[PDB]
>>> print(open('entry.cif').read())   # mmCIF, C-alpha atoms and all ligand atoms
data_run
loop_
_atom_site.group_PDB
_atom_site.id
_atom_site.type_symbol
_atom_site.label_atom_id
_atom_site.label_comp_id
_atom_site.auth_asym_id
_atom_site.auth_seq_id
_atom_site.Cartn_x
_atom_site.Cartn_y
_atom_site.Cartn_z
ATOM 1 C CA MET A 1 104.914 109.276 105.317
ATOM 2 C CA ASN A 2 102.462 107.561 107.612
ATOM 3 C CA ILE A 3 98.844 107.883 108.829
ATOM 4 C CA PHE A 4 99.595 110.431 111.544
ATOM 5 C CA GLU A 5 101.504 112.672 109.223
ATOM 6 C CA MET A 6 98.935 112.217 106.543
ATOM 7 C CA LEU A 7 96.079 113.306 108.790
ATOM 8 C CA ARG A 8 98.076 116.073 110.349
ATOM 9 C CA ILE A 9 98.276 117.518 106.894
ATOM 10 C CA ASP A 10 94.673 117.112 106.003
ATOM 11 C CA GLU A 11 93.309 118.321 109.372
ATOM 12 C CA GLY A 12 95.655 120.952 110.535
ATOM 13 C CA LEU A 13 96.297 121.862 114.143
ATOM 14 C CA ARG A 14 94.285 124.294 116.119
ATOM 15 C CA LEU A 15 94.546 124.931 119.808
ATOM 16 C CA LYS A 16 91.289 126.863 120.117
ATOM 17 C CA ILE A 17 87.723 125.732 119.599
ATOM 18 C CA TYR A 18 86.886 126.276 115.939
ATOM 19 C CA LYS A 19 84.229 125.424 113.401
ATOM 20 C CA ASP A 20 84.957 122.803 110.794
ATOM 21 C CA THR A 21 84.023 122.835 107.089
ATOM 22 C CA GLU A 22 80.421 121.728 108.019
ATOM 23 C CA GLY A 23 80.003 124.286 110.859
ATOM 24 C CA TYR A 24 80.675 122.012 113.800
ATOM 25 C CA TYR A 25 82.575 122.682 116.860
ATOM 26 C CA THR A 26 86.015 121.108 116.618
ATOM 27 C CA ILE A 27 89.478 121.422 118.173
ATOM 28 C CA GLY A 28 93.039 119.998 117.901
ATOM 29 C CA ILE A 29 93.612 117.793 114.923
ATOM 30 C CA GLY A 30 90.194 117.275 113.437
ATOM 31 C CA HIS A 31 88.621 116.263 116.837
ATOM 32 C CA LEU A 32 84.835 116.803 116.465
ATOM 33 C CA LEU A 33 83.427 118.071 119.656
ATOM 34 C CA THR A 34 79.709 118.304 118.910
ATOM 35 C CA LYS A 35 77.167 118.885 116.199
ATOM 36 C CA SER A 36 75.184 121.207 118.447
ATOM 37 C CA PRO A 37 75.088 124.874 117.572
ATOM 38 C CA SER A 38 76.101 125.731 121.116
ATOM 39 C CA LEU A 39 79.550 126.956 122.071
ATOM 40 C CA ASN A 40 78.782 126.088 125.589
ATOM 41 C CA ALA A 41 77.772 122.641 124.710
ATOM 42 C CA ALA A 42 81.139 122.493 122.914
ATOM 43 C CA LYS A 43 83.002 123.802 125.889
ATOM 44 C CA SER A 44 81.376 121.184 128.058
ATOM 45 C CA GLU A 45 82.336 118.408 125.714
ATOM 46 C CA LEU A 46 85.917 119.665 125.609
ATOM 47 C CA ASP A 47 86.453 119.724 129.407
ATOM 48 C CA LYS A 48 85.017 116.247 129.659
ATOM 49 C CA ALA A 49 87.362 115.060 126.810
ATOM 50 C CA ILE A 50 90.438 116.593 128.495
ATOM 51 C CA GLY A 51 89.585 116.108 132.064
ATOM 52 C CA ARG A 52 89.864 119.809 133.084
ATOM 53 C CA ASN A 53 88.360 123.249 132.884
ATOM 54 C CA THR A 54 89.742 124.310 129.622
ATOM 55 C CA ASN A 55 88.054 127.481 128.788
ATOM 56 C CA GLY A 56 88.181 126.422 125.071
ATOM 57 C CA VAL A 57 91.914 126.264 124.779
ATOM 58 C CA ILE A 58 94.195 123.181 125.011
ATOM 59 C CA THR A 59 97.923 122.594 124.722
ATOM 60 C CA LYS A 60 99.736 120.839 121.837
ATOM 61 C CA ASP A 61 100.280 117.739 123.956
ATOM 62 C CA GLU A 62 96.553 117.641 124.703
ATOM 63 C CA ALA A 63 95.710 117.924 120.986
ATOM 64 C CA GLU A 64 98.091 115.213 120.193
ATOM 65 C CA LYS A 65 96.524 113.061 122.860
ATOM 66 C CA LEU A 66 93.036 113.350 121.373
ATOM 67 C CA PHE A 67 94.694 112.591 118.013
ATOM 68 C CA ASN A 68 96.210 109.330 119.187
ATOM 69 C CA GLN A 69 92.990 108.317 120.657
ATOM 70 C CA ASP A 70 91.166 109.136 117.482
ATOM 71 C CA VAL A 71 93.435 107.262 115.090
ATOM 72 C CA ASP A 72 93.278 104.321 117.385
ATOM 73 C CA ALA A 73 89.465 104.358 117.398
ATOM 74 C CA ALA A 74 89.369 104.567 113.567
ATOM 75 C CA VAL A 75 91.526 101.518 113.132
ATOM 76 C CA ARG A 76 89.593 99.631 115.741
ATOM 77 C CA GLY A 77 86.254 100.591 114.261
ATOM 78 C CA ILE A 78 87.375 99.399 110.857
ATOM 79 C CA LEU A 79 88.502 96.104 112.271
ATOM 80 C CA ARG A 80 85.205 95.477 113.936
ATOM 81 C CA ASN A 81 83.108 96.616 110.957
ATOM 82 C CA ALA A 82 81.809 93.646 109.006
ATOM 83 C CA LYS A 83 81.702 95.632 105.818
ATOM 84 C CA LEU A 84 85.004 97.389 106.338
ATOM 85 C CA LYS A 85 87.196 94.723 107.743
ATOM 86 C CA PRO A 86 87.331 92.653 104.606
ATOM 87 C CA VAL A 87 88.280 95.593 102.499
ATOM 88 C CA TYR A 88 90.983 96.638 104.853
ATOM 89 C CA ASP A 89 92.438 93.177 105.013
ATOM 90 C CA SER A 90 92.652 93.026 101.294
ATOM 91 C CA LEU A 91 94.621 96.276 100.917
ATOM 92 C CA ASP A 92 98.338 97.071 100.934
ATOM 93 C CA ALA A 93 99.813 99.362 103.632
ATOM 94 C CA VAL A 94 99.418 102.680 101.858
ATOM 95 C CA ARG A 95 95.903 102.097 100.721
ATOM 96 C CA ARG A 96 94.964 101.102 104.282
ATOM 97 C CA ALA A 97 96.135 104.480 105.498
ATOM 98 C CA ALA A 98 93.719 106.015 102.999
ATOM 99 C CA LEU A 99 90.801 103.942 104.272
ATOM 100 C CA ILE A 100 91.698 105.156 107.812
ATOM 101 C CA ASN A 101 91.689 108.763 106.812
ATOM 102 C CA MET A 102 88.237 108.456 105.279
ATOM 103 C CA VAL A 103 86.952 106.776 108.424
ATOM 104 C CA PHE A 104 88.493 109.404 110.539
ATOM 105 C CA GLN A 105 86.789 112.181 108.637
ATOM 106 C CA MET A 106 83.407 110.625 107.965
ATOM 107 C CA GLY A 107 82.887 107.866 110.561
ATOM 108 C CA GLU A 108 82.495 104.171 110.153
ATOM 109 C CA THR A 109 78.942 104.324 109.074
ATOM 110 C CA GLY A 110 79.657 106.907 106.462
ATOM 111 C CA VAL A 111 82.332 104.887 104.774
ATOM 112 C CA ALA A 112 80.487 101.697 105.039
ATOM 113 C CA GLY A 113 77.936 103.316 102.724
ATOM 114 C CA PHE A 114 80.288 103.603 99.835
ATOM 115 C CA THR A 115 79.216 100.125 99.004
ATOM 116 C CA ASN A 116 79.950 100.229 95.387
ATOM 117 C CA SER A 117 83.412 101.704 95.714
ATOM 118 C CA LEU A 118 84.213 99.202 98.448
ATOM 119 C CA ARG A 119 83.395 96.262 96.179
ATOM 120 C CA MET A 120 85.671 97.789 93.538
ATOM 121 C CA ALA A 121 88.398 98.401 96.062
ATOM 122 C CA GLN A 122 88.276 94.859 97.050
ATOM 123 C CA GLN A 123 88.408 93.809 93.405
ATOM 124 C CA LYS A 124 91.491 96.004 92.872
ATOM 125 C CA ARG A 125 89.727 97.852 90.097
ATOM 126 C CA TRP A 126 91.609 101.084 90.974
ATOM 127 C CA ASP A 127 90.529 103.565 88.245
ATOM 128 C CA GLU A 128 86.888 102.555 88.409
ATOM 129 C CA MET A 129 86.793 102.887 92.184
ATOM 130 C CA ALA A 130 88.310 106.362 92.046
ATOM 131 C CA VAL A 131 85.785 107.510 89.469
ATOM 132 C CA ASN A 132 82.999 106.228 91.689
ATOM 133 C CA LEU A 133 84.386 107.763 94.805
ATOM 134 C CA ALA A 134 84.278 111.113 93.153
ATOM 135 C CA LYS A 135 80.598 110.989 92.630
ATOM 136 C CA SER A 136 79.823 111.904 96.157
ATOM 137 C CA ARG A 137 78.950 114.714 98.402
ATOM 138 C CA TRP A 138 82.287 114.160 100.229
ATOM 139 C CA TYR A 139 84.111 114.982 97.011
ATOM 140 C CA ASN A 140 81.930 118.046 96.190
ATOM 141 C CA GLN A 141 82.318 119.436 99.664
ATOM 142 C CA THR A 142 86.025 118.903 100.294
ATOM 143 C CA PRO A 143 87.476 118.264 96.797
ATOM 144 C CA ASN A 144 91.101 118.997 97.481
ATOM 145 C CA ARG A 145 91.197 116.700 100.424
ATOM 146 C CA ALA A 146 89.050 114.122 98.748
ATOM 147 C CA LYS A 147 91.371 114.316 95.735
ATOM 148 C CA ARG A 148 94.413 113.538 97.852
ATOM 149 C CA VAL A 149 92.779 110.501 99.473
ATOM 150 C CA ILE A 150 91.360 109.112 96.253
ATOM 151 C CA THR A 151 94.751 109.280 94.586
ATOM 152 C CA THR A 152 96.245 107.531 97.552
ATOM 153 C CA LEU A 153 93.644 104.855 97.375
ATOM 154 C CA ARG A 154 93.960 104.539 93.647
ATOM 155 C CA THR A 155 97.642 104.423 93.333
ATOM 156 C CA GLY A 156 98.919 102.974 96.510
ATOM 157 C CA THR A 157 101.614 105.689 96.808
ATOM 158 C CA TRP A 158 102.080 108.868 98.780
ATOM 159 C CA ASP A 159 102.503 111.080 95.773
ATOM 160 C CA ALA A 160 99.575 113.335 96.535
ATOM 161 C CA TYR A 161 101.078 114.290 99.836
ATOM 162 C CA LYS A 162 104.643 114.981 98.767
HETATM 163 CL CL CL B 1 86.799 112.026 123.699
HETATM 164 CL CL CL B 2 89.292 120.476 100.453
#
>>> encode(input="entry.cif", output="structure tokens")
Amino acid sequence: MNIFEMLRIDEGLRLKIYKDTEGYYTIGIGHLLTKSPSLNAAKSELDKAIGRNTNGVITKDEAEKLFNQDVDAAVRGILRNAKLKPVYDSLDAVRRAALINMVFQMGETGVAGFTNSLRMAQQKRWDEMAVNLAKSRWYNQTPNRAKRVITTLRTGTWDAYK
């Protein structure tokens, strides 16, 4: 198991523009296109992202390309985040994957807000951190996914994904 496989599981793969759990225009493997209610705005964003006139449909390779780019950006944004970096550095390899997933789904700013859970993570207070993470909108909105990530983060193993 690794980050790519982990997110491929949580995000799925879709070759056609679709709406995510929050109603936004997405495509590929969890690639947000826009928050605007406009399909056309979405189509515009897609062609610009791909570099061609897509007509709302992309190939697997294309999806996978956005995916690489997106994981890369998540890692890099963690590493440059003054609140995130220190947490990341303190974690083992599995737990780091979990921090990446959360950043991928909710953005750097979003995660940086989980101040209290971040302090716990850094203190290696596993069970308390998990409890706290669960008291969130993120958990109430996407509980199964959230559950998988929290377990990962709590335990440092891939059990929730096997
Ligand atoms: Cl892009
Ligand atoms: Cl879910």
>>> closest_residue(input="entry.cif", among="A:71, A:27, A:111, A:78", to="residue 54 in chain A", atoms="all atoms listed in the file")
A:27
>>> residues_near_ligand(input="entry.cif", ligand="ligand CL 1 (chain B)", cutoff="9 Å", atoms="all atoms listed in the file", output="list in words")
residues 31, 32, 33, 45, 46, 48, 49, 50, 66, 69 and 70 of chain A
>>> resolve_selection(input="entry.cif", expression="the PyMOL selection byres (((not hetatm)) within 6 of (chain B and resi 2))", output="mmCIF file with C-alpha atoms, keeping the file's coordinate frame")
data_model
loop_
_atom_site.group_PDB
_atom_site.id
_atom_site.type_symbol
_atom_site.label_atom_id
_atom_site.label_comp_id
_atom_site.auth_asym_id
_atom_site.auth_seq_id
_atom_site.Cartn_x
_atom_site.Cartn_y
_atom_site.Cartn_z
ATOM 1 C CA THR A 142 86.025 118.903 100.294
ATOM 2 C CA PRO A 143 87.476 118.264 96.797
ATOM 3 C CA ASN A 144 91.101 118.997 97.481
ATOM 4 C CA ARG A 145 91.197 116.700 100.424
#
>>> resolve_selection(input="entry.cif", expression="the PyMOL selection byres (((chain A and resi 118-134) around 8) and not hetatm)", output="number ranges by chain")
A: 86-87, 90-91, 112, 114-117, 135-136, 138-140, 146, 150-151, 153-155
>>> residues_around(input="entry.cif", residues="residue 97 in chain A", least_positions_apart="6", cutoff="9 Å", atoms="only C-alpha atoms", output="MDAnalysis selection string")
chainID A and resid 2:3 6 152:153
>>> write_last_selection(input="entry.cif", atoms="C-alpha atoms", output="PDB file, in the coordinates of the input")
ATOM      1  CA  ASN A   2     102.462 107.561 107.612  1.00  0.00           C
ATOM      2  CA  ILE A   3      98.844 107.883 108.829  1.00  0.00           C
ATOM      3  CA  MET A   6      98.935 112.217 106.543  1.00  0.00           C
ATOM      4  CA  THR A 152      96.245 107.531  97.552  1.00  0.00           C
ATOM      5  CA  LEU A 153      93.644 104.855  97.375  1.00  0.00           C
TER       6      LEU A 153
END
>>> residues_around(input="entry.cif", residues="range 157-160 of chain A", least_positions_apart="3", cutoff="8 Å", atoms="only C-alpha atoms", output="MDAnalysis selection string")
chainID A and resid 1 94:95 148:149 151:152
>>> write_last_selection(input="entry.cif", atoms="C-alpha atoms", output="JSON list (two decimals), in the frame of the given file")
[["chain", "number", "residue", "atom", "x", "y", "z"],
["A", 1, "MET", "CA", 104.91, 109.28, 105.32],
["A", 94, "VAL", "CA", 99.42, 102.68, 101.86],
["A", 95, "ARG", "CA", 95.90, 102.10, 100.72],
["A", 148, "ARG", "CA", 94.41, 113.54, 97.85],
["A", 149, "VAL", "CA", 92.78, 110.50, 99.47],
["A", 151, "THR", "CA", 94.75, 109.28, 94.59],
["A", 152, "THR", "CA", 96.24, 107.53, 97.55]]
>>> atom_distance(input="entry.cif", atom1="CA of residue 25 in chain A", atom2="CA of residue 43 in chain A")
9.1 Å
